[PDB]
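Participant:
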Ligand code: SF4
Ligand SMILES: [Zn+2]
Ligand SMILES: [Zn+2]
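Protein chains in written order, with the deposited numbering: chain 7, 1 to 291, 306 to 728; chain 0, 1 to 171.
(1) With a threshold of 16 other CB atoms inside 10 Å of the CB of residue 590 (chain 7), please say whether the residue is buried or exposed.
(2) Tell me which same chain residues have a C-beta within less than 8 Å of the C-beta of residue 346 (chain 7), skipping the five on either side of it?
(3) Does ligand 3 have a heavy atom nearer than 7 Å to the CB of residue 51 (chain 0)?
(4) Taking the alpha-carbon positions, what's the residue 143 (chain 0) to residue 136 (chain 0) distance?
(5) Using a Cβ cut-off of 9 Å, pull out every chain 7 residue sitting near residue 71 (chain 0), in sequence order please.
(6) For a test of the three-state rule: what should DSSP assign to residue 2 (chain 7), helix, strand or coil?
(7) Considering only residues of the region 530 to 556 of chain 7, which uninterrupted beta strand (DSSP E) runs meet the minimum length of 3 residues and lie entirely inside it, listed in chain order?
(8) Give me the Cα-Cα distance between residue 594 (chain 7) and residue 371 (chain 7), rounded to the nearest whole angstrom.
(9) Looking at the secondary structure, which residues open and close the beta strand (DSSP E) in which residue 434 (chain 7) lies?
(10) In chain order, what residues place their C-beta within less than 5 Å of a heavy atom belonging to ligand 2?
(11) With a threshold of 7 Å, establish whether the CB of residue 28 (chain 0) neighbours any heavy atom of ligand 3.
(12) Check distances from the C-beta atoms of the region 307 to 320 of chain 7 to those of chain 0 and list, in chain order, the residues that come in under 7 Å.
(13) Is the beta carbon of residue 48 (chain 0) within less than 7 Å of some heavy atom of ligand 3?
(14) Give a single yes or no on whether residue 175 (chain 7) has its beta carbon closer than 7 Å to a heavy atom of ligand 1.
(15) Give the range of the alpha helix (DSSP H) segment to which residue 34 (chain 7) is assigned.
(16) Would you list, in sequence order, the uninterrupted beta strand (DSSP E) runs of no fewer than 3 residues that lie entirely inside the region 86 to 172 of chain 7?
(17) Are the CB atoms of residue 623 (chain 7) and residue 661 (chain 7) within a distance shorter than 8 Å?
(18) Using the three-state DSSP reduction, which class does residue 381 (chain 7) fall into: helix, strand or coil?
(19) Helix or strand or just coil, what does DSSP make of residue 4 (chain 0)?
(20) Using a strict less-than 7 Å threshold between each residue's beta carbon and the heavy atoms of ligand 1, what residues do you get?
(21) Give me the Cα-Cα distance between residue 11 (chain 7) and residue 577 (chain 7), rounded to the nearest whole angstrom.
(22) Would residue 726 (chain 7) be called buried (16 or more neighbouring beta carbons within 10 Å of its own) or exposed?
(23) Where does residue 648 (chain 7) land, buried or exposed, given buried means 16+ other C-beta within 10 angstroms?
(24) Whole angstroms are fine: how far does the CA of residue 86 (chain 0) sit from the CA of residue 757 (chain 7)?
(25) Just the chain 0 side, please: which residues come within less than 8 Å of residue 648 (chain 7) by C-beta, in chain order?
(26) Could you spell out the range, first to last residue, of the beta strand (DSSP E) harbouring residue 419 (chain 7)?
(27) Excluding the five sequence neighbours on either side, which residues of its own chain have a C-beta within less than 8 Å of the C-beta of residue 599 (chain 7), listed in chain order?
(28) Assign residue 9 (chain 0) to buried or exposed, taking buried as 16 or more other Cβ atoms, counted over all protein chains shown, within 10 Å of its Cβ.
(29) Below 8 Å, can you find three or more Cβ-Cβ pairs linking the region 307 to 324 of chain 7 to the region 264 to 272 of chain 7?
(30) Tell me whether the beta-carbon of residue 619 (chain 7) lies closer than 8 Å to the beta-carbon of residue 536 (chain 7).
(31) Looking only at its own chain, which residues have a Cβ that is under 7 Å from the Cβ of residue 106 (chain 0), when we skip the five neighbours before and after it?
(32) Which term fits residue 357 (chain 7), buried or exposed, when burial requires 16 or more other beta carbons within 10 angstroms of its beta carbon?
(33) Just mark residue 704 (chain 7) as buried or exposed, buried being the case when its beta carbon has 16 or more other beta carbons within 10 Å.
(34) If you draw a straight line from the C-alpha of residue 154 (chain 0) to the C-alpha of residue 161 (chain 0), how long is it?
(35) Looking at residue 244 (chain 7) and residue 437 (chain 7), is the spacing between their C-beta atoms short of 8 Å?
(36) Would you say residue 147 (chain 0) lies against chain 7 (beta-carbon separation less than 8 Å)?
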């Protein structure tokens, strides 16, 4: 299937493409031709990946100099595996068409914990542990000692990789993570480091955001080599939250105590090093005078001089002083306090800690800790986190804020206070990506309206188009139910949350919808506490028992183990005729991680508009700062955060292969024009005024009829 | 307040944390209920060490770590010296070399004998006070004044923003 696109001719593996695919390809080609960053939305969970990859490959063939390589990022490794599968299929199709191999390379990066071949680190699954063990095995000290070949466990894979892969790079091919593990085992090399080196000469590289956003690890692999590369973020509508998380650092009392203990161990190790080997490790002082990774981005990062901290004892005392200041500032009991610049000024005044020497604290920590030949960085990780916070605060506070919480939420009195350093704008941390890369395409599904995104992230978009899925059959028939059998408002307001009548309306709607809907249904609440209250009310009444009789019921919990077990049983229930009703939370990690396909989550129920609690002070900074700068109304941003989350958690049923399914929102709030307007275009256009505010019974009847229509073949 | 207790009367440190450390030439975790016990007999003598004190050598401080208490007080005293701004020296190394010597002096004073430090500090007193030390006292006073002025300007702007949006709504 060769498509005569306006720009050029583009190959395509599958037989047919919908008109929305034509629109997507033409708009994407327009953006690439303009060579300017832009954002676009496409409904389908699958199909967008293949269309995007095919268009990018064709554009690379036409103008190889224009685009150096493609950097395609996905939320999670299980998801990016499907992307690499799609890319492998496309490459096989193109190779068959051409009749011969071409110099094209495509690979996926992942954590050493996810992929590795060392038996010692294999049993351990905790990421910091894998990082520390690998650092110990690959340490420059361990490398030098391996040169001596003394009796000590040395990781042969990295040494063999240094010997061979340095000389010879991999010719070409596509390697999934699992297949790359096998390749590393066969060749006695690192599946991780081999891909890391291939990044220098790779046409396509795929990895999650935390490999491309956080300055600590993103920069090293996203160096200026890709000066003009097509960087693409997929389903990255929750990009602001992750970009903020890449900067926010949380300091707790337990973490601070662990830091103090680690610092004591550091002092003891320094004394032992002084008595054992002093001159050779002191040479570090000379190289320092000449002049865990830094959190400072490219331009913000500075390397002039370490500062007043030039020796191990001096640096240790500096960390002692800063840790004492943080300890006392956290121990203070008072209302939540915000102080972005005042915190730095008060630190400098109270404990005599100048911001310039504080700036290089984390970098000097890395160097000095390397000198100590520590067993691993896992033990001292809390100290490195505190150092990253210490350097960040002295680095900048213009678009940041230090929040102190002597008392935690959900606890009238708790002896574990927490100090947050949550950011307020993601533009600060995502600026390097936009500036360095010629164009970035934020391709997303279920995207809340694009107009806000340029305001939140400071960039000038080239194209702003919303693509609506078009099929010969109406795959999706969304509806909103606001009126119950009692013709009573069913809004899940904070003041209306306690309403037993509203809870009863929700329970009856779920009962009837489970009675009619086929096997497999997922209901998303607004919070764990609200979900528990509704479940308890239904349990006190007889509605819950009737729901249990009609279909099996499963519930989500904060604990990941129970969540995984419940979802595993839910899948089997969906396969069998019992069916299942999975209650979950919109913010729950399960909602974002899981993907619902044919005969999975057939009818997506949304109980109440997803709104975060109006007491969490972090969102207060994040929101009022957005009001002050970029001029976004607080209510506007709050409703945007609700609609984007709802679209995220309700857009799964249309994953791909044209699998029918209905999305019912049991809240009259969605019927409001603002919510409908902010809803994604593809869902909204299907939505109509006739079914906008159906009663519970009317919604059930129309759902039954729509399921009848979708049951029959094409 | 996290300290287990005074070397002698570790009681108050358990009942209430209101007591704050008292700095002395000895460098000690002294506590007010124990300061009264020192005043009654000796009147300015460390109980165990017996170090003489002119006038009780007592000043309030707030950190559970006695080493941090001594280090912070010594740094407070030292900052009065070597306060010249960085830009005064064009040499790249000299920017932080003198700070290295300053912190070395602080660590020296914390534990080792301070006689050499005092003699050196006399030498720096004579040579630098002639011109530079008083000049940088003036400049640091100017920057303290202007930082307090700038914070009051920030808070005037925030009060005006609050009250003007309130008057927008009511109008
Ligand atoms: S050096 Fe390679 S094989 Fe050895 S632990 Fe690290 S990633 Fe695994
Ligand atoms: Zn006492
Ligand atoms: Zn004493």
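Positions of the beta carbon are idealized from the N, C-alpha and C atoms, including for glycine.
Facilitator: On the basis of the supplied data:
(1) exposed
(2) 418, 420
(3) Yes, Cβ of residue 51 (chain 0) sits closer than 7 Å to a heavy atom of ligand 3.
(4) Cα-Cα distance, rounded: 10 Å.
(5) Correct list: 331, 334, 335.
(6) strand
(7) 535 to 539
(8) 59 Å
(9) Looking at the DSSP string, the run of the beta strand (DSSP E) that includes residue 434 (chain 7) is 432 to 434.
(10) Every residue with a CB closer than 5 Å to a heavy atom of ligand 2 is listed here in chain order: 6 (chain 0), 9 (chain 0), 12 (chain 0), 31 (chain 0), 33 (chain 0), 34 (chain 0).
(11) yes
(12) 319
(13) yes
(14) no
(15) 19 to 34
(16) Here the runs fully enclosed are 105 to 108.
(17) no
(18) helix
(19) coil
(20) Those residues that have a beta carbon less than 7 Å away from any non-hydrogen atom of ligand 1 are, in order along the chain, 112 (chain 7), 116 (chain 7), 117 (chain 7), 118 (chain 7), 121 (chain 7), 133 (chain 7), 134 (chain 7), 137 (chain 7), 138 (chain 7), 155 (chain 7), 157 (chain 7), 158 (chain 7), 190 (chain 7), 192 (chain 7), 193 (chain 7).
(21) 42 Å
(22) Exposed, since its Cβ has fewer than 16 Cβ neighbours within 10 Å.
(23) exposed
(24) The first residue shown for chain 7 is 1 and the last is 728, placing residue 757 (chain 7) beyond what the model contains.
(25) Those within 8 Å of residue 648 (chain 7) in chain 0 number zero; the least Cβ separation is about 11 Å.
(26) Following the DSSP letters along the chain, one finds residue 419 (chain 7) inside the beta strand (DSSP E) bounded by residues 417 to 419.
(27) Result list for residue 599 (chain 7): 538, 539, 540, 541, 542, 545, 570, 605, in chain order.
(28) Residue environment for residue 9 (chain 0): exposed (fewer than 16 other C-beta atoms within 10 angstroms of its C-beta).
(29) Touching, no.
(30) Against a cut-off of 8 Å, the Cβ pair of residue 536 (chain 7) and residue 619 (chain 7) comes out as a contact.
(31) Beyond the five residues adjoining it in sequence on each side, residue 106 (chain 0) comes within less than 7 Å, by CB distance, of 71, 74, 75, 78 in the same chain, given in chain order.
(32) buried
(33) Exposed is the call here.
(34) 11 Å
(35) yes
(36) yes
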